[PDB]
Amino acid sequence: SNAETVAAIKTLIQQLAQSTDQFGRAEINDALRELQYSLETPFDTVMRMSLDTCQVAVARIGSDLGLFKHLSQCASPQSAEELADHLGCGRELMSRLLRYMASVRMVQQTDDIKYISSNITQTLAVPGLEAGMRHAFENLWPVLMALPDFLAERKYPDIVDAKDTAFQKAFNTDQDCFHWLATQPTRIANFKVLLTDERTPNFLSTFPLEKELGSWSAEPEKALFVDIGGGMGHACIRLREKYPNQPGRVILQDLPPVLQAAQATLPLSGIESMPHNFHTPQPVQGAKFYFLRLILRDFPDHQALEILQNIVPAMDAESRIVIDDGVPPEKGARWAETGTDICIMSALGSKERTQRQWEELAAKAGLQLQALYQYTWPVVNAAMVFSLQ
């Protein structure tokens, strides 16, 4: 029986998944995708590409309605009628949306055709993750929609400039993306929520702090850690939590509105909040670690180089710049890192960088790679430690 075979595959892959760690589960998931793509018929390939688009549109509708938050806190299954009436949605529309969501596990449909939350329901109810989905819909979709004709009309240029990529066509503007976004209050508000998401694991799981410090002295009033564009300060928080007795100032640098949003959740002491624009010279002199997490991927080389050149003059011989970012391999890169590469090309003019590309960029700033500490697999994020050449 087909049904018996399918259920047996599910049982065995679930047991295997439970028996490994998060990195092993990520490897299994990538293999399931690869299997799916190799076993689909030609028609199925086009149907998948045609319809998987629906998920973000329907998640955006569920978010607008508050459906995922509401379902995540219901204690019993809800009918489509009950959901429609509670959330202010046409009843037939709600029923069709729910049937679609259940078919892609965005909710669960029960045997009596009522609806309960799934793992994905709970995910889309989390503010920061919801904001990620909303960002995909309102910022990524339009640049991807513009990219093919942008490239066709321009005879397939290498994209190298944040002011000359698909974003300008998609939003009918000559501004670059970051400048334009700063003029759009609802879009800024969504980024504020997005910053509350904290990725796990983080670089402290493999960063050999005591080894990298050696005999470094914090006196007088030297900074241990300067978190440049640190957002809510998650890296500073985790550093203080893991090494509470390590001397040295721990400093969160960001723009004033982000620092203001960070205050409610920062510790009352031990982490300084310092307004600082990272396109301007670094004020903190001689720090041990100048930390850039998921900053430089958003900039083409010219701008990324300028960000580094604003830090290098503040370094002493013991200082290090730590770039915590994606490091895709030379070959066999996975969809999460190549897809990111295409999206940030189209919106930002930037790119994912291999280790050798990071080293070439840093050498232009007078920096040499001393160590690289991977902390996620198989898609690699790593803390790259650079010193003055």
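Heads up: residue numbers just count along the shown sequence, starting at 1.
The deposited model assigns a higher average Cα B-factor to 204-212 than to the other stretch when 204-212 and 146-154 are compared. Stretch comparison (338-346 versus 316-324) by mean CA B-factor in the PDB entry places 316-324 on top. Taking the PDB entry at face value, the top CA B factor among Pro257, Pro281, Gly230, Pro185 belongs to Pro185.
Between the residues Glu92, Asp298, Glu198, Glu130, it is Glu92 that shows the highest Cα B-factor in the PDB record. When all modelled residues of the chain are sorted by CA temperature factor, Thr53 is found within the highest third. The entry lists a Cα temperature factor for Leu16 that places it in the middle third of the chain's modelled residues. Among all modelled residues in its chain, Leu140 ranks in the lowest third by Cα B-factor. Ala223 sits in the highest third of its chain by CA B factor, as recorded in the PDB entry. Remark: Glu40 belongs to the middle third of its chain, ranked by C-alpha B-factor as recorded.
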